[PDB]
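Trainee: Pasting a structure here, questions to come.
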Amino acid sequence: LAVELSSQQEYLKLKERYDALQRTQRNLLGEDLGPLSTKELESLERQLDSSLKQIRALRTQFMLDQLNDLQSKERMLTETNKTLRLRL
Amino acid sequence: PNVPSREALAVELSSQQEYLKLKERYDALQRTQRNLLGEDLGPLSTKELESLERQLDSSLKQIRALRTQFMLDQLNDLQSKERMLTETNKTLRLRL
Amino acid sequence: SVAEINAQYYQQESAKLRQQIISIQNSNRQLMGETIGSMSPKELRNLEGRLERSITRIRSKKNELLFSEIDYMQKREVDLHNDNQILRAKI
Amino acid sequence: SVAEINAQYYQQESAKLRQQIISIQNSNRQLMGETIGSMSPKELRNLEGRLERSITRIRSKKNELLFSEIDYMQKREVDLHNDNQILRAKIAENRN
């Protein structure tokens, strides 16, 4: 009886912890924003805007690296071609 | 002696070059405007686009800060008026 | 028996919740941008799209709520100015 | 006389242009966020919408340039790979 009751109290506490984290997530996705103040919404906005600047900068850096890698290979393949060109 | 003076030619040319120079400035400013609206972006290098991106983002942050300030002031004003109209209501309950 | 089977039902469900809690804590950190550095180009594309949607909705909401509270207090002003002219013109 | 009439036609057009230039410079300064300190809440809302739209289009453009350059180089890579396998099939057969 006491083990059942302790087991239930544990389950309610974890249930409430999880529901709270589910609400936090919904807000990070831009949903269920009803409860939030102007200040809380501004705070999220600043966090999102900061993440987006960082994401964009890295996506561009991956594309510059990719492009740099392709130019390199293009040079190798063009001297390989002119070599075969003369050999034939 | 039916011929334009050298100075009437030089004035005419000068007036024309003035006109052409102004017409190019206006044309340039129209292109600048199009770009600020996110149009006719074809000629722009990535560095020029980045520069626009930074300028626009900077402006948007200033705008939003002032829009929000205006809306908090507007709200604070209304809250102030709502207190003065409740005590006017409550002192008019004396006359009631 | 009923108390013992309920007890083991709550302990099973508690275990499930402990998994979902650690799992959602991690997912939230990702949406908060804490793993950006170690993400693939594909993962970045994905997150960018999700965060642009979130920031559009949050910005939009922040504005709607401000407008609504302004709209409310404006009506409350009219309604009180009307309440005061009925009280005056009462006689 | 033709030269005096031409001169005045250009000066007329230069006077129109001077106004257009100053007016479009001012519109540009608005889009650059320079006049936010004299703007109403309604005007700030208007300008936010237009700049939010511009910045989006400018970012899309910036990314396309990159996508396009990359796409071009990938097709180059394949094209050159194909040239070189044809000539490696020329060593193996003739000159065999």
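Trainee: Can you pick out the pairs among C:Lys16/C:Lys61; A:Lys15/B:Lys61; C:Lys42/D:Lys62; D:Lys16/D:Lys62; C:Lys61/D:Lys61; A:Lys39/D:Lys61 whose Cα atoms lie more than 30 Å from each other?
Mentor: Going by Cα-Cα distance, C:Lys16/C:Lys61; A:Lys15/B:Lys61; D:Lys16/D:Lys62; A:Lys39/D:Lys61 fall outside the 30 Å limit.
Trainee: Ok, one more. Under a Cβ-Cβ cut-off of 13 Å, what is the net charge of the residues other than B:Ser5 that fall near it, where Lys and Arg count +1 and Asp and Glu count -1?
Mentor: -2
Trainee: Per residue of D:34-46, what is the mean number of Cβ atoms on other protein chains within 10 angstrom of that residue's Cβ?
Mentor: 3
Trainee: Using the 10 angstrom Cβ neighbour count as an exposure proxy, how do B:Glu48, A:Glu45, B:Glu7 rank, fewest first?
Mentor: Working: B:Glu48 14, A:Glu45 17, B:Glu7 9.
Fewest-to-most ranking of B:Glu48, A:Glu45, B:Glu7: B:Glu7, B:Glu48, A:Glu45.
Trainee: Where does each of A:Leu36, C:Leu51 land when they are ranked from fewest to most other beta-carbon atoms within 10 angstrom?
Mentor: If I rank by nearby Cβ atoms, fewest first, I get A:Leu36, C:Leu51.
Trainee: How much mean residue ellipticity at 222 nm does chain B get from its helices, if each DSSP H run of length 4 or more adds -39500 (n - 2.57) and you divide by all residues, to the nearest 500 deg cm²/dmol?
Mentor: -31000 deg cm²/dmol
Trainee: Hey, another quick one. Determine the gain in length on full extension of the stretch C:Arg29-C:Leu80; use 0.36 nm per residue of separation and subtract their C-alpha separation, reporting nm with one decimal.
Mentor: Full extension from C:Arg29 to C:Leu80 adds 13.5 nm.
Trainee: Excluding D:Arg95 itself, what net charge comes from residues whose Cβ is under 12 Å from its Cβ, given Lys and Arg +1 and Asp and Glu -1?
Mentor: +2
Trainee: Which three numbers, in whole Å and largest first, are the semi-axes of the equivalent ellipsoid of the stretch C:21-91 derived from its Cα gyration tensor as √(5λ)? Don't skip to the answer; put the middle values down first.
Mentor: Details: eigenvalues 534, 32, 7 Å².
Rounded to whole Å, the semi-axes are 52, 13, 6.
Trainee: Give a residue-ordered list of calculated ³J(HN,Hα) values for the stretch D:52-69 (Karplus: 6.51 cos²θ - 1.76 cosθ + 1.60, θ = phi - 60°; whole Hz; x for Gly, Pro).
Mentor: Calculated HN-Hα couplings, in order: 5, 5, 4, 5, 4, 5, 6, 5, 3, 4, 3, 6, 3, 3, 5, 3, 5, 4 Hz.
Trainee: Moving on to the next point. If you project the alpha carbons of chain A onto the principal axes, what extent comes out on each, in Å, largest first?
Mentor: 91, 41, 14
Bear in mind these aren't lab numbers, they're just calculated from the coordinates by the rules spelled out. Cβ atoms come from the backbone with ideal geometry, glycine included; neighbour counts cover every protein chain shown.
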